[PDB]
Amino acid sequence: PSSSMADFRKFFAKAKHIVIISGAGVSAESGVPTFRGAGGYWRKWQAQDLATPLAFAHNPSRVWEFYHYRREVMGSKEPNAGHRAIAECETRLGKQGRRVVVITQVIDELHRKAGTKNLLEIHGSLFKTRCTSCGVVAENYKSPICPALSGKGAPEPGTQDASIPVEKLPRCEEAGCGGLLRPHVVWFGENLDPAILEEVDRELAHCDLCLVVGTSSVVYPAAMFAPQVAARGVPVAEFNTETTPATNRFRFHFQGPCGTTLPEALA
């Protein structure tokens, strides 16, 4: 994998449809707890525990406390240099007739916060709910999301479970349903939305340059988007603090934090 910024810039200057795949490293560079590293524990657990169908079926109140806390911290976190570079590039290139699109693995909406408009959130969003009864999805930014979660979600180890009864957790406001809401967040072991994936496949087919930023390239099928693209002639360039299992299959690899290497790459 090449590490020449000059070569990538030559592809970039000539690229017309740029696909950027961003992972949890970009949010971590904003101080956003990922609960996947190195990236924070929530009282005893990480996202491999609470972000599962298992955790929600066993203790939906604990799963809601977890996500309520993450919603609440997003009011203190800001987009970093990588977000701004990615957003600014999209606007500058959009005026030149060139399209930049961000396929993100994260749910904290920091890309949208920076001004990115072409955003595909393959794993959902902290600020969208889904009804476990009728399936309707809704944006939701209310703090707290429901009254019984007010002041809840404290992340400190040894903090007592809210144990909120299911009827007082966020409920579907669609008339006639009142079903139990869950975060519109793809959990481990759930199938991604086929419509979003069809939109992703459409972007991967028409793009002529691909960037993979802040991704450990171990979460599927998100780690499969890039190799499917490189195998069409399209250059793939990785921006990550470390080498991932998919490094040897990329045209470029730029070691470093995304906030250091992306502003130079997207300039």
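Position 1 is the first residue in the sequence shown; the rest follow in order.
Between 205-213 and 237-245, it is 237-245 that carries the larger average Cα temperature factor according to the deposited entry. Relative to its counterpart among 54-62 and 196-204, 196-204 has the higher mean temperature factor, C-alpha atoms as listed in the PDB entry. Highest CA B-factor among 184, 84, 152, 95, as stated in the entry: 95. When the C-alpha B-factors of 79, 135, 176, 115 are ranked from the entry, the top spot goes to 176. In this PDB entry, residue 26 carries a Cα temperature factor that places it within the lowest third of its chain's modelled residues. Among all modelled residues in its chain, residue 67 ranks in the lowest third by Cα B-factor. The deposited CA B-factor of residue 105 belongs to the middle third of values across its chain. Sorting the modelled residues of the chain by their CA temperature factor places residue 165 in the middle third. When the modelled residues of the chain are ordered by C-alpha B-factor, residue 189 sits in the lowest third.
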